[PDB]
Amino acid sequence: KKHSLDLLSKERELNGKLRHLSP
Amino acid sequence: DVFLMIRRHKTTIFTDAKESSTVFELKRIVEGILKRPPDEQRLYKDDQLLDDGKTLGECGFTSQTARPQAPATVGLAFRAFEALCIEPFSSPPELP
Amino acid sequence: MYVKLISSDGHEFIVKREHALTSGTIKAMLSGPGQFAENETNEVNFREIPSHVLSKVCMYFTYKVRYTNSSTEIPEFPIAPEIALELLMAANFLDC
Amino acid sequence: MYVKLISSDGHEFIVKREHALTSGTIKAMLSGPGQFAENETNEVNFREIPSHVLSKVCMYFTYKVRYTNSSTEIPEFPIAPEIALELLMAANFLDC
Amino acid sequence: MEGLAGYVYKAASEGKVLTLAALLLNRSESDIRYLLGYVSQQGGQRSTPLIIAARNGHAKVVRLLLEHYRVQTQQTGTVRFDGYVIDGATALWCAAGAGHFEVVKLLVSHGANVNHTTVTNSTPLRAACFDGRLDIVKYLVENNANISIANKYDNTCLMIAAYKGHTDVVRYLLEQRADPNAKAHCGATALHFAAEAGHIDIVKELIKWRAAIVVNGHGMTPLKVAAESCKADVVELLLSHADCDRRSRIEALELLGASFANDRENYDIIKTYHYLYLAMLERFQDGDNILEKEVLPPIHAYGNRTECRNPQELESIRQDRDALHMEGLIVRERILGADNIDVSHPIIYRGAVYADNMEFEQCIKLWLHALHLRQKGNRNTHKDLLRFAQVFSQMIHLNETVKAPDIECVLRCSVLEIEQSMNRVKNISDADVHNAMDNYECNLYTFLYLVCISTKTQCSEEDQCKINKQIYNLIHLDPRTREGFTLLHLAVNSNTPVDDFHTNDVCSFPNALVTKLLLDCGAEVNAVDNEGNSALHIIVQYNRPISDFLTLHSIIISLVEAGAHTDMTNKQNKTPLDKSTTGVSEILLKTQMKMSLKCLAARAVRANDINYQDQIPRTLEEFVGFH
Amino acid sequence: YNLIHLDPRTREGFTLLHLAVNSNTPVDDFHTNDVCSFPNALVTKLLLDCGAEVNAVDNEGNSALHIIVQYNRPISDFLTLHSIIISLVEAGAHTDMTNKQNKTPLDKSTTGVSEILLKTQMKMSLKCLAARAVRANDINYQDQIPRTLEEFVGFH
């Protein structure tokens, strides 16, 4: 593992998107 | 807290593990050391094959018999099954 | 991550890196033009110390790493009467 | 070098110098313009500490200077229920 | 009875038809309604046997339950999906979300409410279109299903199908009088969601079906996110739409090249240069109607360029990867502004790939600039601060000099974020309080890592002094862990976690230097957590008292040099000697005490239950409270 | 350093280091008793920096460590005792060397504070364990080991 591999894109907005996407 | 001694014909691996640990963990570190597949490696506790599933706490590797001062010798063999051919160490010289 | 110790009889004595580095000359041989920055064998060949004494040296490595900061009821390290006067020379060669 | 502790009741409580220098503020009173290096009286006046509390304070001075280096289950300092909560202000005003 | 309800629920979940007809046989009229509808809290979800048979797809069990026992279809329950929690949904919703046609048909024929909504106004049609099963959505629409009504979040089936890879359901939706102009909270219409997914056929068909390109509430256009998500097939069709604007055309395939320049998923240079060159030629052909760029003044951290105004510098950076990437980042920030949170990710990725091959300075300045940009936006920068402490730990392990102002600014940002977390968790709800506190704990741990980094650096007098005032402010706002562990308690604890990065090779706990620095900046040394422990009670429990002895030793004397009371009793009335669990710590603390007649008098007062209120000095009250 | 190289000894075998670490060293009571307080950390540190031999022995075999571990004031004067032990160990001393009565410095340590200070300074070595085994089993080590190891077993 390195810095790029553990770099995870901002998912709070993705979490912010999916609460609006609750079917 | 269990300390044991994997023995090949000549190779000798020194192993640390947990009392509540199974054969899988030590077989995996022997994987990481000797680089041989785990099906063709099997242990021998006092010349008695042990199954790959039981924990070492009740198998016989208690902390009061596999202390790091004198780790419990554990045999091993690889597929060329193959008998236990653990070569003993050199005989110490007598007292002068 | 392991260090392969070879005795005078050819007995491989693969032990942990940090366990072997508790002795001065093992650290010295693993330093200098002996680093082996690949961590698969890192072999160290001893043409002097027999198998029965290097076995106890590795046992002592594990024993001191386990009990490095206990200071309460330190258990005795079993030195056989015949293996003394010769484990002393090995421990003098391998500083600490 | 034999200082005299005077309580609020006029009770002189003459005690040794090193015994009474355990308390910080008695050292402060004997320091400064309170030295009079003539080894005559070394008088310190406690307008507030009652005699039944200054007595326990002097006994504490002796007990501390006796048992300061034991660390082998020193006997408990006997503090009466009534002396406590009045010995506390004395031990605060006379630091340590 | 309650016992048989659990067995009925288990049989419905397993769907053993040989067990339903045996467990539900010979049941009274009241019991057959009490059992069917019982609240069973399993795995954190409230699962009615009917809804758990509908979700598992047991068509035979559902048919037997509905036809024979006549269970109502209005029963509600909670089903735990993959990151989705929905409560109040009916069995039809559960069957549609799990995508099983037979249960949906049986429930509808038995009278399930197709128009039934959950707490967030969510219809089973959305559940059916979530996994994009054409048969189920066709059957539901043919059974009086409304598509104009969205959920509580203004999110109908159209955009749910737009995100998902299924195209049959979205085509069926658009073929049954669907309105694609529905707007979310931030003005987001169906084209925004379709372009964010970037599905070629969905966005191609949406053009023919009144795409209606409009600007949402962010001053942000669907073409901007179409070209921002690194997809070079949607922008051409968005241009093929008859209402494309020239300025939108200018931003398109230029911001697209900018995103292609700096992105982990779509990192390439030839593609980026090709789209940049064609976007430049889109305006550089008229001459008399030229559209000169409006470029902001250059940022010192952003090199020293002012973008490209001539083709010569465009073709000069053809073989320069770093220059082209940096121009792409600059133009991306110009078009997207300084408010979008997503502009930091390309900077972070560029810094990471610059650091992965043992060079640090450009990575350091890029991550510092990204930290500044996210500080302007007021975001939870806890993970970025963690990785930033990680890169300091790495570069210290590789023995390269550390910029003291970088530590200065990251510590002031850390204390500001800690204060933000305090006011947030003060006004937080009980739903996310646990994760808010976890984020706060991560901020505390990364603050300690940064403090350890600062102690590992040879900062000058002014730098270290202003770090001291900032830490002074941090303790003066009193940050406390959920277990009462103040900053000192975490600094003197070996149980403080350290992440698997290079931090464990540099930042380890307990630390003598970190403890001394905390004691320097006015830390409450005698702070007491919920268990009653203090810094001394924690440091005496150190499990490595010889190999790290000096550090342990130093910490103890530091506490004794800062007024830590060695006689303090915790909630179980254990002095730190009673909590030593070690000879070394025991004797160190014994040698670091004084006889302290104050302690004996306070112990006598505490043991005799004397009312010490207002009859001793104000400090002596808390002094007695210590013992 | 000149005096240290002269290597003085008292009647009972005390070198300069043993006197500098002994609390029983007679200090003059006129004015030196108010300043010169033995044992003193600074004089021992200065002697060790001046090349003082550390493993010297008395007529009773006690080294500087055997003398310091018997300190009667380990609490009220902890800094001096700790500094003496640190200096003696760092300058090179055997934490388990035996005197004529075969007492290691841990055995001679009357106060437990010095016991655990030395234990924190003590480092486990296989050479010491093997020498202890050789001495305990009384195995003949004459000419069987290097010349240094002969004396090493001699004082273990």
Every residue in the stretch E:74-117 that is of a type in the set (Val, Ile, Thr) and surrounded by fewer than 17 Cβ atoms within 10 Å (Cβ to Cβ), please.
E:85
Single condition residue C:1 does not satisfy, out of (1) of a type in the set (A, V, I, L, M); (2) more than 23 Å from residue E:547 (Cβ to Cβ); (3) surrounded by fewer than 16 Cβ atoms within 10 Å (Cβ to Cβ):
(2)
Does residue F:76 satisfy the criteria of being of a type in the set (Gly, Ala, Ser), within 20 Å of residue E:553 (Cα to Cα) and either more than 9 Å from chain C (Cβ to nearest Cβ) or in contact with a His (Cβ under 7 Å, 6 or more places away or on another chain) (or both)?
yes
Taking the stated definitions as given, is residue B:19 in contact with a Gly (Cβ under 6 Å, 6 or more places away or on another chain) and among the acidic types (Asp, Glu)?
yes
Scope the stretch B:51-86; condition in contact with an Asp or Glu (Cβ under 8 Å, 6 or more places away or on another chain), part of a loop (DSSP other than H, G, I, E, B) and aliphatic (A, V, I, L, M); matching residues
B:84
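Every residue, every condition in (1) surrounded by fewer than 19 Cβ atoms within 10 Å (Cβ to Cβ); (2) within 14 Å of chain A (Cβ to nearest Cβ); (3) over 27 Å from the mean Cα position of the chain (by Cα), yes or no:
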residue: E:146; (1), (2), (3): yes, no, yes
residue: E:174; (1), (2), (3): no, no, yes
residue: E:177; (1), (2), (3): yes, no, yes
residue: E:193; (1), (2), (3): no, yes, no
Just checking, how many residues over the stretch E:551-598 are assigned to a loop (DSSP other than H, G, I, E, B) and of a type in the set (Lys, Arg)?
4
For the stretch A:9-23, the count of residues that are part of a loop (DSSP other than H, G, I, E, B) and facing another protein chain (nearest Cβ under 8 Å) equals 5
Do we have residue C:66 as surrounded by fewer than 19 Cβ atoms within 10 Å (Cβ to Cβ), over 18 Å from residue C:89 (Cβ atoms) and within 14 Å of chain E (Cβ to nearest Cβ) here?
yes
Got a sec? Which of E:379, E:374, E:321 is more than 13 Å from every other protein chain (Cβ to nearest Cβ), over 16 Å from residue A:7 (Cα atoms) and of a type in the set (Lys, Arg)?
E:321
Read through the list (1) surrounded by 13 or more Cβ atoms within 10 Å (Cβ to Cβ); (2) within 25 Å of residue E:180 (Cβ to Cβ); (3) of a type outside the set (D, E, K, R), then give the number of the only condition that residue E:219 fails.
(1)
Between a residue in the stretch E:220-231 that is over 18 Å from residue E:341 (Cβ atoms) and any residue that is part of a helix (DSSP H, G or I) and of a type in the set (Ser, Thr, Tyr), which pairs come within a Cβ distance under 6 Å, given they are 6 or more apart or on different chains?
E:223/E:248
Considering the stretch C:70-83, residues that are surrounded by fewer than 18 Cβ atoms within 10 Å (Cβ to Cβ) and within 23 Å of residue F:118 (Cα to Cα), and then whichever is farthest from the other protein chains (Cβ to nearest Cβ), we arrive at C:73
How do the pairs read when you match residues in the stretch D:84-96 that are under 13 Å from residue D:52 (Cα atoms) and more than 7 Å from every other protein chain (Cβ to nearest Cβ) with residues anywhere that are of a type in the set (A, V, I, L, M) and not in a loop (DSSP other than H, G, I, E, B), using Cβ under 6 Å and keeping only pairs 6 or more apart or on different chains?
D:86/D:53; D:90/D:53; D:90/D:57
The stretch C:7-25 - residue that is among the hydroxyl-bearing types (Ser, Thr, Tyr) and more than 11 Å from chain B (Cβ to nearest Cβ) and, of those, surrounded by the fewest Cβ atoms within 10 Å (Cβ to Cβ):
C:25
Of the conditions (1) closer than 18 Å to residue B:67 by Cβ; (2) surrounded by fewer than 22 Cβ atoms within 10 Å (Cβ to Cβ), residue C:40 fails just one. Which one is it?
(1)
Elements of type helices (runs of 4 or more DSSP H) in the stretch E:442-520, at least 3 residues being touching a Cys at 6+ places or on another chain (Cβ under 7 Å) and either of a type in the set (D, E, K, R) or surrounded by fewer than 22 Cβ atoms within 10 Å (Cβ to Cβ) (or both):
E:461-476
Right, residue E:154: within 14 Å of chain A (Cβ to nearest Cβ), under 30 Å from residue E:91 (Cβ atoms) and either assigned to a loop (DSSP other than H, G, I, E, B) or among the hydroxyl-bearing types (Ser, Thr, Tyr) (or both) or not?
yes
Kindly provide the set of residues from the stretch D:44-63 that are crowded, with 16+ Cβ neighbours inside 10 Å and of a type in the set (A, V, I, L, M), ordered by number.
D:44, D:49, D:53, D:54, D:57
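A quick note on method: Cβ atoms are made from the backbone with ideal geometry, for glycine too, and the neighbour counts reach across all protein chains shown. Computed from the coordinates by the stated procedures, all read-outs in this text should not be read as laboratory data.
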